[PDB]
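The structure appears below as C-alpha cells.
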Amino acid sequence: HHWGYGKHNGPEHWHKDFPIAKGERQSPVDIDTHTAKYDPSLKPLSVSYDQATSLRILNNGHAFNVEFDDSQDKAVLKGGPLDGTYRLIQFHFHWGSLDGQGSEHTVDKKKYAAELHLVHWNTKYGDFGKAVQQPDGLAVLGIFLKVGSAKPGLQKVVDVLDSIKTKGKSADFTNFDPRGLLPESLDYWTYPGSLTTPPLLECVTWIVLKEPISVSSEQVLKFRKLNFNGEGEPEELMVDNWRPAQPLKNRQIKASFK
Ligand SMILES: NS(=O)(=O)c1ccc(Nc2ncnc(Cl)c2[N+](=O)[O-])cc1
Ligand SMILES: [Zn+2]
C-alpha cells in the first residue's frame, strides 16, 4: 500500500508516511499575482542547456522521467534568485484527466493542462542525494502547459511513450534537447518550497515561468495513454498525477518582472 494518486493513497494520505507533508514550506502553491512583489534585486534567469546529454526515459509508476548525464558540468541553471550553480538531472511532467486540470502550481487559482518540472541540484553538495537534504539543495524550473498549438520540441518525447507504457519500463533516449521545451520569455515567480511527491523534502527553490508553452490535444492525449500499473496488471491510466496547492504559510512569492 504505497503512495500514489488514488482515493486510498493520494495526496490527502501522504502525511501518514511523510509527516513533512503538513510542513512550513510545502509545494505546490497558488501564485496570487497581485500579492507577488516585484523584486528589482532578482536577476535574469540563466538557462544553459546547449550541452545537455539525455540518457534515458523511464515510467516510474507516477510519471515518466527524462534523465540526464549530470556527471560533468553541462546543463546548468544559475542567476535568477539562485546563488551558485545547479545541474540538470531530469525532467518530468504532471498532467490531468481533462484539459481543465493537471498543473501543480496555479496562478490566481487558474489550473493549466500540465506542468513541466526541470529538476536541478546545487553543485556545492556534490550530488543529488546529498543535495535533497539541504534547504538550498534543488532548483526546480516549472513551466505550465496549455492545450492549443503543438510543441514541435516535445514530439520526440511523445513518440517514445508507447515503448514505456507501464511502470518500470525504460528506453534509451539520447540527444534530446530540452531547449525545445522553453517558452520565449524567462519572466518568473520564485519562492522557497519542497518536492511535490514523497519524500516531500523542503529542499527546493521554485522558479515558475509566467509564460506557458502550448502543446496539442494529440500530444497531451498520448501522456494520458500511459499506465500507473505494471505490465500484466489491470490497467490504470496515468492521469491526475498532480498534488493540489498547499498552504503558503510564512512565505513571500517574488516576481522577476513588472
Ligand atoms: N515534482 S518535483 O517536486 O519536481 C520532484 C519530486 C521528487 C523528486 N525526486 C527525485 N528526483 C530525481 N531523482 C531522484 Cl533519485 C528522486 N527521488 O527523490 O527519488 C524530484 C523532483
Ligand atoms: Zn514534479
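Note that chain A carries Swiss-Prot numbering, so the residues on display, from first to last, are 3-260.
Note that Cβ sites are derived from N, Cα and C of the backbone, with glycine treated the same way.
The annotation domain 'Alpha-carbonic anhydrase' is assigned in Swiss-Prot to 3-259 on the grounds of sequence analysis.
Residues or ranges marked as site 'Fine-tunes the proton-transfer properties of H-64' in Swiss-Prot: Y7 (among others). In the three-state DSSP assignment, the secondary structure recorded for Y7 (site 'Fine-tunes the proton-transfer properties of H-64') is coil.
The feature site 'Fine-tunes the proton-transfer properties of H-64' is assigned by Swiss-Prot to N62 (among others), with experimental evidence given as support. If you draw a 10 Å sphere around the CB of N62 (site 'Fine-tunes the proton-transfer properties of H-64'), it holds 15 other CB atoms from the protein chains shown.
The feature active site, proton donor/acceptor is assigned by Swiss-Prot to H64, with a curator's inference given as support. In sequence order, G6, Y7, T199, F230, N243 constitute the residues six or more apart from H64 (active site, proton donor/acceptor) in its chain with CB-CB distances below 8 Å.
The feature site 'Fine-tunes the proton-transfer properties of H-64' is assigned by Swiss-Prot to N67 (among others), with experimental evidence given as support. In the structure as shown, the Cβ atom of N67 (site 'Fine-tunes the proton-transfer properties of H-64') sits within 10 Å of 20 other Cβ atoms.
Marked as substrate binding site by Swiss-Prot on the basis of experimental evidence: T198, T199. Cβ neighbour count for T198 (substrate binding site) (all protein chains, 10 Å cutoff from its Cβ): 23.
In the shown protein chains, 19 other C-beta atoms lie within 10 A of the C-beta of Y7 (site 'Fine-tunes the proton-transfer properties of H-64').
Its own atom aside, the Cβ of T199 (substrate binding site) has 22 Cβ atoms within 10 angstroms in the protein chains shown.
In this structure, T198 are the recorded positions from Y7, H64, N67, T198 whose C-beta falls under 6 Å of some atom of ligand 2. Between the CA atoms of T198 (substrate binding site) and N62 (site 'Fine-tunes the proton-transfer properties of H-64') there is a gap of 15 Å.
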